[PDB]
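Excluded from the calculations below are hydrogen atoms, water molecules and symmetry mates; all remaining heavy atoms, backbone and side chain alike, are included. Letters go in sequence order (proteins before strands), and every chain restarts at 1.
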Amino acid sequence: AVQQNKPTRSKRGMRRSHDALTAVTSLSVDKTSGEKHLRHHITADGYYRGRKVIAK
Amino acid sequence: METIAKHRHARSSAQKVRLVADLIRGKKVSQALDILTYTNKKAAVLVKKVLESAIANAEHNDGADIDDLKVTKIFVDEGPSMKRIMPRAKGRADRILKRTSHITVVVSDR
Amino acid sequence: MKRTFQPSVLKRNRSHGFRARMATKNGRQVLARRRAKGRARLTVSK
RNA sequence: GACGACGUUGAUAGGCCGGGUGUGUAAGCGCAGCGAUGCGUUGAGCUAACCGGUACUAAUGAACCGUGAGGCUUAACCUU
RNA sequence: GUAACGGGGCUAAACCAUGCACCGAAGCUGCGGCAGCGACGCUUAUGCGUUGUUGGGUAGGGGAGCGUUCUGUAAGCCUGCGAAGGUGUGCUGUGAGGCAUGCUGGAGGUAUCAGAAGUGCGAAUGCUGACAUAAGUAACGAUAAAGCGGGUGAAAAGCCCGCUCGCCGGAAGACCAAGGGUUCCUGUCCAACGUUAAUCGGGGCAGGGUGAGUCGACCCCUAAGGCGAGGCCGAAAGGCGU
RNA sequence: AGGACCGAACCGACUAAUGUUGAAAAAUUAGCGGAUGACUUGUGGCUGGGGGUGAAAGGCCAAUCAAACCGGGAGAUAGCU
RNA sequence: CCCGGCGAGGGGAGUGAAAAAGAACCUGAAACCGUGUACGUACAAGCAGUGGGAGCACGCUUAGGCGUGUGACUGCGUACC
RNA sequence: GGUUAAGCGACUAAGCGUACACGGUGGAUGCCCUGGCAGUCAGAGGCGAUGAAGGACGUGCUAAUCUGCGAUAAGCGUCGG
């Protein structure tokens, strides 16, 4: 239920060896606006695959 | 030339912020901003504002170029913790630690 | 659950008030002790 | 997490068409009846995860990681 | 779980007998060094020439010392050409320790010989403060339920507006007492407080707001009961009571 | 008529599960008992610690009861840790 | 003056002997948490050290075969009160 | 030089460890004293119905608190300095 000995800095860091994050490998670029966006997502301005999808 | 920016007494634990800092350590400034923009974590918003401040300081104070900059040093230090009381069952009281962090970013053109 | 402190200003002053303390030898000694100690509030009057 | 399928040179999922299954004769109109109801149109209407099909919708061009002939010694072979 | 040589393995690497070698301890010897007790040269105001011998150690006894703060020596000596303290390095002593010096620090420190002690901490489920651990784990407080559009804003699942949905409805509605005491309204702010965000708030700041001959209190009257002139009683305090 | 019957409010607390660093230092949910009476409840009052009160359990007397709490005697004493 | 939400918090400039004295302010120790560099570590079992000891890195060195850090492998070794 | 085979064999660090350097957290240490402790020599040893001790509310160009004062309200008169 509870520990008999105090774990160490080492074991704490070992457990956190799998806690690191992953950065996006690359950002996609739109044909028309040339903006940078997530793949399969729309841009901040509202474009997607150069078709002027929702902007309002 | 080397430039520095800091965010002291930030409302977040260093452990959470360090996860984001490890993503941009040693990266070009242009690439680091794109990483923080699409990192779904609060610490990314804080770190981005610090990085944006360092870039502005270099341009204004050190007359540096942006395309030649690079994140060369970044670290998060533990700040003062705020003590609070959490009422638990059976009259027992627990102590909350609202931890803070000292965020530091260093950019350079080496 | 019903707890121990059910307030009532009347019963508070009639039991621990200034005039109640000043009506007995032992009550007046209570005020003398609190005056010697320097209490800012001697009683529950107000 | 992983594993498997597919990503327009495409049936991966949804939708759509058809069918099947299940429920059991919809609504509307008309007829009979004072009326509740009943009869006819009608095994009708509706029908999830199923079957067989269909690019209508979404699966974007790219980008990223990963390289550039792969150590030393010895023996037998090319030059049994 | 081999599990009745420690193991591998051994037909000698087993047993008996004989003998010669070797390994083997902080034992013995050798080399160097320290200390104690003895005798010796009356040596010397005592250290040796030497000399032999001893030196594991709890309770406990004896002996000799280190360092810390304070007093005198000291209106002296060191010190802004950098004190204490802090942090490193090097040297040194049998040890507690000491000397010097770089960086930090920016004003006190103190020899020697004596004197006095709040004089030395790892432990007492010791005391106080700080910081870890479990752990970025459990949990975020009724399973009445949310969805969308627009607006504001640095940022909106939570705020404002609107259309829907859902819940209470002898209450989860409305008016009061008790109690609390400005939580009421407006504007403004978001650090902290709100178990999340927050432009919102019973949060922060400022300003404003409570109008009575008829409501209530005060007031007149008393109940239980309390106080109680005199008085009765009681060491005192004080008790009972007209 | 009734210390009568069924049953809400109201007063209670027989069973079970949950919870047991709880939502809660005794509760929640589903059932349960009484419910014109020895009933229940508001306001105020009286009884004070070897004393009170008690349809009596050593029960209750401010989350404390085989002798309350606060202060004092007090650095009680401890052949024990 | 600049980034930032007419923010918080910082970077410059300036004051000052000193801003690593900036009001979370003299000195600023330890636990605890981090960034960087060197070495070691993914076929090895246990109070984690000790004795021996390769290699690597670095500083010397009038090559002088020394010093510092690391410690593959190996003998012994079950904390304190 | 080439092919095949056999044998041997470094460069990896997700993370961790030791050392050093630079920092954060924290507030020890040293230095400091308008505060306390214990005394000596002198004083005074009582205040109060001429309303005390101690308090409430008020009082400013004043929003709050402290000090002082009391509707003559951080003060009035007079005698001196």
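- For G:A24, the base is stacked against the aromatic ring of B:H9, per a cut-off of 5.5 Å between centres and 30° between planes.
- Using modelled atom types, one finds no donor on one side chain facing an acceptor on the other under 3.5 Å when comparing B:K98 with B:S81.
- Between the side chain of A:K11 and the base of H:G15 there is no donor-acceptor pair of N/O atoms closer than 3.5 Å.
- Look at the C1' atom in both F:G34 and F:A9: the space between them is 14 Å, to the nearest Å.
- Proximity of A:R15 to the phosphate of E:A134: a side-chain N or O atom is located under 4.0 Å from OP1 or OP2.
- Residue-to-nucleotide contacts include a donor-acceptor pair under 3.5 Å from the side chain of A:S26 to the base of D:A63.
- The separation of E:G136 from E:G147, taken at their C1' atoms, amounts to 34 Å, rounded to a whole angstrom.
- One finds no side-chain N or O of A:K6 lying less than 4.0 angstrom from the OP1 or OP2 phosphate oxygen of E:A134.
- Nucleotide H:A5 shows a positive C1'-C2'-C3'-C4' value and thus a north, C3'-endo-like sugar.
- Contact check, B:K73 against G:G36: no side-chain N or O comes under 4.0 Å of OP1 or OP2.
- Looking at A:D30, its side chain does come within 3.5 Å of a backbone N or O of A:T32 through a donor-acceptor pair.
- Regarding contacts with the backbone of E:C131, a side-chain N or O of B:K83 is found under 4.0 angstrom from either OP1 or OP2.
- Residue A:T25 places no side-chain atom within donor-acceptor reach of the base of D:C64, judged by atom type and a 3.5 Å distance cut-off alone.
- For G:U68 and E:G129, the P atoms lie 46 Å apart once the distance is rounded to whole Å.
- At a threshold of 4.0 angstrom between heavy atoms, the contacts of B:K16 include nucleobase atoms, whether or not backbone atoms are also involved.
- Across all strands, A:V2 comes closer than 4.0 Å to no nucleic acid atom at all (heavy-atom distances).
- Glycosidic torsion of E:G80 falls within 90° of 0, placing the base in syn.
- For the pair B:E78 CD and G:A24 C1', the computed distance is 17 Å after rounding to whole Å.
- Looking at A:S33 and A:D45, their side chains never bring a donor and an acceptor atom within 3.5 Å of each other.
- At E:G136, one or more side-chain N or O atoms of A:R16 fall inside 4.0 Å of OP1 or OP2 (strictly under the cut-off).
- Its glycosidic angle being within 90° of 0, E:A45 falls on the syn side.
- Applying the 4.0 Å criterion to OP1 and OP2 of E:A134, one finds that A:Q3 has every side-chain N and O outside that range.
- In this model, the phosphate group of G:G9 is not approached by any side-chain N or O of B:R11 to a distance below 4.0 Å at OP1 or OP2.
- If you take atom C1' in F:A76 and the same atom in E:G86, they sit 50 Å apart, rounded to whole Å.
- Side chain to side chain, C:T43 and C:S45 meet the donor-acceptor criterion of an N or O pair below 3.5 Å.
- Ring centroid separation for the pair B:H102 and B:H9 comes in under the 6.0 Å cut-off.
- Residue note: F:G31 shows a north-type sugar, the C1'-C2'-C3'-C4' torsion being above zero.
- Considering only side-chain N and O atoms, A:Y48 lies nowhere under 4.0 angstrom from the phosphate OP1 or OP2 of D:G61.
- Distance alone, capped at 3.5 Å, places no donor-acceptor pair between the B:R95 side chain and the B:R84 backbone.
- Residue-level contact check: A:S28 touches the bases, meaning some heavy atom is under 4.0 Å from a base atom.
- Sugar conformation, E:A172: south. The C1'-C2'-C3'-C4' torsion carries a negative sign.
- Phosphate proximity of H:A53 to C:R34: absent, as no side-chain N or O sits under 4.0 Å from OP1 or OP2.
- B:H102 comes within contact range of the sugar-phosphate backbone alone, with a heavy-atom separation under 4.0 Å but no base atom that close.
- For the pair A:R39 and D:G61, the criterion of a side-chain N or O lying under 4.0 Å from OP1 or OP2 is met.
- OP1 or OP2 of E:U133 lies within a sub-4.0 Å distance of a side-chain N or O belonging to A:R12.
- In this structure, C:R3 reaches the F:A26 phosphate: one of its side-chain N or O atoms is under 4.0 Å from OP1 or OP2.
- E:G90 and E:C99 make a Watson-Crick or G-U wobble pair, with both donor-acceptor distances under 3.5 Å.
- With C1' as the reference atom, H:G36 and H:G23 are 41 Å apart, rounded to whole Å.
- E:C103 and E:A84: their P atoms are spaced 14 Å apart (whole Å).
- Glycosidic conformation, E:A100: anti, with the torsion outside 90° of 0.
- OP1 or OP2 of G:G10 sits under 4.0 Å from a side-chain N or O of B:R8.
- The base of G:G11 does not come close enough to the side chain of B:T3 for any donor and acceptor atom to sit less than 3.5 Å apart.
- Between the side chain of A:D19 and the base of E:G136, no donor-acceptor pair of N or O atoms lies under 3.5 Å.
- Across all strands, B:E52 comes closer than 4.0 Å only to sugar-phosphate atoms, never to a base (heavy-atom distances).
- Glycosidic conformation of H:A71 is syn; the angle stays within 90° of 0.
- Inspection of the B:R99 and B:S13 side chains reveals no N or O donor paired with an N or O acceptor under 3.5 Å.
- Here the side chain of B:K49 pairs no donor or acceptor atom with the backbone of B:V45 at under 3.5 angstrom.
- Between E:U89 and E:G47, the two key atom distances do not both fall under 3.5 Å in a Watson-Crick or G-U wobble layout, so no such pair is counted.
- With P as the reference atom, E:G80 and E:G102 are 13 Å apart, rounded to whole Å.
- The phosphate of F:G44 has OP1 or OP2 within less than 4.0 Å of a side-chain N or O from C:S8.
- A distance of about 26 Å separates the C1' atoms of E:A224 and E:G238, rounded to the whole Å.
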